[PDB]
Amino acid sequence: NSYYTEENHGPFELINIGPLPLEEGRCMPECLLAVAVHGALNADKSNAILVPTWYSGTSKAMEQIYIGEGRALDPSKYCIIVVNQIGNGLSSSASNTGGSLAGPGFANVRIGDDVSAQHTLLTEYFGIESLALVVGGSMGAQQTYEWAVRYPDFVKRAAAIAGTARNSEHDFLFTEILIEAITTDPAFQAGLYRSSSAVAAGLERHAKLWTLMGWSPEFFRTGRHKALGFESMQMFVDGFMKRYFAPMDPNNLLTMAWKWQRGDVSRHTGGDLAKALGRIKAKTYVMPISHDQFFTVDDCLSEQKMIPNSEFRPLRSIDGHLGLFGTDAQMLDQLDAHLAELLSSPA
Amino acid sequence: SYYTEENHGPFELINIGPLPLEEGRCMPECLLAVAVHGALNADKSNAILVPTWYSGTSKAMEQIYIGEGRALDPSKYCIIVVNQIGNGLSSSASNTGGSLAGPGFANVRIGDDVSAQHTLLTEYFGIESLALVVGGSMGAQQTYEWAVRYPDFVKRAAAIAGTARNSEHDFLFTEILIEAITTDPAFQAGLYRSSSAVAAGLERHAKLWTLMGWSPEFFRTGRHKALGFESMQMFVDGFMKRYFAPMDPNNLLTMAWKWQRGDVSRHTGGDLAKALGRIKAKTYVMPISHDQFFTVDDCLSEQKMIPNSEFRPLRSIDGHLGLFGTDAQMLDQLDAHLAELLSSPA
């Protein structure tokens with residue numbers, strides 16, 4: 001109630017896209033998307049770039065790290081549109097919706113529902129017929145693939161950073177343990193808690209589990225956490241990891257976790273992944289992180305070989321998956337060089 | 001009901017007497033579960049010591065590594081498998097009475113195991129030197145402790161998938177493994193009357209091992225399918241959960257606490273190089289290529305401090321839990337290495 005505000009996540013505007021029928025059967029009476037727009041559209045509206053948010057992240061995280069005038073995502077050249085996930089606290093979520101969708105009563109939202117909402121937003125409010133580039137990380141990458149598969153003609157270029165088209169079984173288990181880290185807390189009360197802080201024990205265990213998988217063994221072996229200003233592992237868990245998840249809402253995290261678990265573009269073909277990825281007509285750069293523990297390089301390489309006219313351009317960083325937070329300046333330089341080449345490539 | 005001779009036999013119980021522990025407390029009587037394979041020769045120079053690993057017993061070692069066609073040959077060597085203190089077979093929280101019963105069981109360290117094993121080998125078997133000390137994971141931690149504590153006693157050493165000093169990343173991993181059990185209300189701070197009552201805690205423990213015990217490439221290539229499981233879900237239940245289900249939470253916590261604090265540099269005051277420099281044995285540091293917490297770079301860092309050692313890593317995508325003998329090729333690599341080690345002069 002105090003963390004998901006405009007004082008720490010602004011600027012963004014709320015847009016009502018209307019009723020949204022979800023894949024799981026339930027129908028949201030009204031769906032609100034928190035949107036952050038940087039840069040202006042040109043005459044024919046051909047310089048639009050779509051940027052989805054990742055797990056537990058907002059539009060503020062993306063703009064502070066990747067969006068800038070000296071960056072590949074240049075607002076002086078492109079109209080970068082950052083859409084917050086449904087269930088991340090800023091958009092329509094369990095923490096801000098009333099009625100029978102309040103708290104644990106919030107419906108099961110899938111990746112396809114996010115893209116469906118974003119497609120309505122771009123057409124009914126912006127009047128955009130095509131996207132120059134769709135770029136996202138982790139869960140944002142899952143939405144990137146869904147976009148490129150569901151609306152192949154709509155997407156000119158695609159950039160998936162540290163994310164897969166179909167969520168693996170090993171990654172599924174990881175998220176399941178992440179969920180149980182919270183639901184094992186008696187203070188959770190099946191989502192009927194009166195304070196996200198009350199569920200501190202679940203959130204702290206949630207943070208420690210991310211410490212184990214979010215980075216890499218080489219990250220802590222070389223003392224990278226010490227170079228960030230933390231004298232030890234114990235202090236890194238508290239001062240960085242626990243600090244991050246503490247003011248967040250358990251229900252929202254479970255909402256995004258459920259969606260993360262079932263990220264799969266092959267549902268549009270009935271499980272056939274190769275047939276689904278073959279539908280992609282956009283110029284796609286598959287960019288996994290070298291030391292990612294659950295979104296491994298071999299996973300993404302396996303999927304890239306199914307995408308026509310794509311390129312496998314992995315990022316080198318020992319910071320692992322959570323290198324997306326901009327802890328590695330060198331990794332960002334690699335990303336800028338890749339995206340610039342992508343945006344320079346014809347469509 | 002699980003820690004019996006029907007599935008861990010055959011082994012003998014030996015009373016080595018009182019054992020003063022490093023944590024201050026003193027066990028009135030310590031019983032070691034010992035499995036002996038092969039006979040000693042005339043001068044008793046063919047003795048091999050094999051420690052057990054986490055949640056494992058002496059039965060696991062003999063079923064996988066000990067055999068006539070193997071490097072650990074009972075027809076040539078007297079392989080002595082000693083069960084860890086607190087693994088259910090030896091003196092544990094589940095079989096000791098008095099003030100050491102259940103959660104009242106003392107904090108046992110790696111040095112306490114080796115101290116007990118040294119007392120056993122000299123005062124009861126009359127063995128003056130070991131031809132080889134070989135172990136995996138926690139067994140490797142005891143191997144390093146042996147090579148440092150008693151440098152003249154150990155002729156050869158083989159540490160598979162284990163480090164001399166436990167890292168922070170490995171420490172955290174074990175800490176989460178413990179909390180997987182202690183988050184269960186049925187645990188009752190170790191005052192449960194049935195290990196089965198804590199099934200929910202044990203199941204989360206098993207799933208967490210599935211995430212870290214193997215590797216992402218293990219499940220990607222369908223290696224779990226070749227083991228007889230059509231899916232991940234069917235592998236977690238039929239293999240992993242099946243394994244930890246009949247085990248005792250307190251025993252697992254005892255060995256976890258010991259695992260967390262595996263460090264030979266306590267004998268030198270934190271100086272690891274000075275501790276590893278004490279080793280006079282021929283040492284093979286053999287980490288597994290896809291180990292997630294006992295990484296290759298961790299062991300490589302420590303191998304460069306050990307005099308007259310060799311860095312001979314094992315390649316297997318099965319990860320750390322390849323020690324269960326799931327990878328036939330990894331066993332071939334290990335046998336070739338151990339055979340060359342035992343063939344090397346002393």
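Within the stretch A:202-227, restricting attention to residues that are in a helix (DSSP H, G or I), within 12 Å of another protein chain (Cβ to nearest Cβ) and of a type in the set (A, V, I, L, M, F, W, C), the residue that is farthest from A:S138 (Cα to Cα) is A:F220. Taken over the stretch A:276-303, the residue count meeting the criterion of being touching a strand residue (DSSP E or B) at 6+ places or on another chain (Cβ under 6 Å) and away from chain B (no Cβ under 14 Å) is 6.
If you check A:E169 against the conditions, is it surrounded by fewer than 18 Cβ atoms within 10 Å (Cβ to Cβ), in contact (Cβ under 8 Å) with a residue 40 or more places away in the chain and either closer than 15 Å to A:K259 by Cα or more than 13 Å from chain B (Cβ to nearest Cβ) (or both)? Spelling it out, it is not the case that A:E169 is surrounded by fewer than 18 Cβ atoms within 10 Å (Cβ to Cβ), in contact (Cβ under 8 Å) with a residue 40 or more places away in the chain and either closer than 15 Å to A:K259 by Cα or more than 13 Å from chain B (Cβ to nearest Cβ) (or both). The set of residues in the stretch A:286-303 that are closer than 24 Å to A:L343 by Cα and crowded, with 22+ Cβ neighbours inside 10 Å comprises A:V286, A:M287, A:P288, A:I289, A:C300, A:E303. The residues of the stretch B:178-201 that are within 10 Å of chain A (Cβ to nearest Cβ), part of a helix (DSSP H, G or I) and in contact with a helix residue (DSSP H, G or I) (Cβ under 6 Å, 6 or more places away or on another chain), listed by number, are B:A180, B:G201.
Residue-level analysis places A:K242 among those that are over 28 Å from B:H290 (Cβ atoms), within 14 Å of another protein chain (Cβ to nearest Cβ), in contact (Cβ under 8 Å) with a residue 12 or more places away in the chain and assigned to a helix (DSSP H, G or I). Please work out if B:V236 is within 13 Å of chain A (Cβ to nearest Cβ) and either more than 20 Å from B:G111 (Cα to Cα) or in contact with a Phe, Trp or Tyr (Cβ under 6 Å, 6 or more places away or on another chain) (or both). When the stated conditions are applied, B:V236 passes them.
Based on this model, can you work out whether B:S167 counts as within 30 Å of B:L341 (Cβ to Cβ) and small (G, A, S)? Judged against the criteria, B:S167 is a match.
A residue that is β-branched (V, I, T) and part of a loop (DSSP other than H, G, I, E, B) cannot be found anywhere in the stretch A:10-19. Can you confirm whether the stretch A:75-84 contains a residue that is of a type outside the set (V, I, T), under 22 Å from A:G140 (Cβ atoms) and in contact with a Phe, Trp or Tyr (Cβ under 6 Å, 6 or more places away or on another chain)? No, that holds for no residue.
Here's the yes/no breakdown for (1) more than 23 Å from A:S100 (Cα to Cα); (2) surrounded by fewer than 21 Cβ atoms within 10 Å (Cβ to Cβ); (3) in contact with a strand residue (DSSP E or B) (Cβ under 8 Å, 6 or more places away or on another chain):
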residue: A:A200; (1), (2), (3): yes, yes, no
residue: A:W215; (1), (2), (3): yes, no, no
residue: A:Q234; (1), (2), (3): yes, yes, no
residue: A:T255; (1), (2), (3): no, no, no
residue: A:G263; (1), (2), (3): yes, no, yes
residue: A:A274; (1), (2), (3): yes, yes, no
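Taking residues in the stretch A:111-129 that are over 18 Å from A:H38 (Cα atoms), and partners anywhere that are part of a helix (DSSP H, G or I) and polar (S, T, N, Q), the pairs with Cβ atoms closer than 8 Å and at least 6 places apart or on different chains are A:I111/A:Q142; A:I111/A:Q143; A:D114/A:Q143; A:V115/A:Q143; A:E129/A:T123. Scanning the stretch B:280-337 for residues that are acidic (D, E), outside any strand (DSSP E or B) and without any contact (Cβ under 8 Å) to a residue 40 or more places away in the chain turns up B:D297, B:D327, B:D332.
Virtual Cβ from ideal backbone geometry, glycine too; neighbours counted across all protein chains shown. A short reminder: the numbers here are calculations on the coordinates, not readings from a lab.
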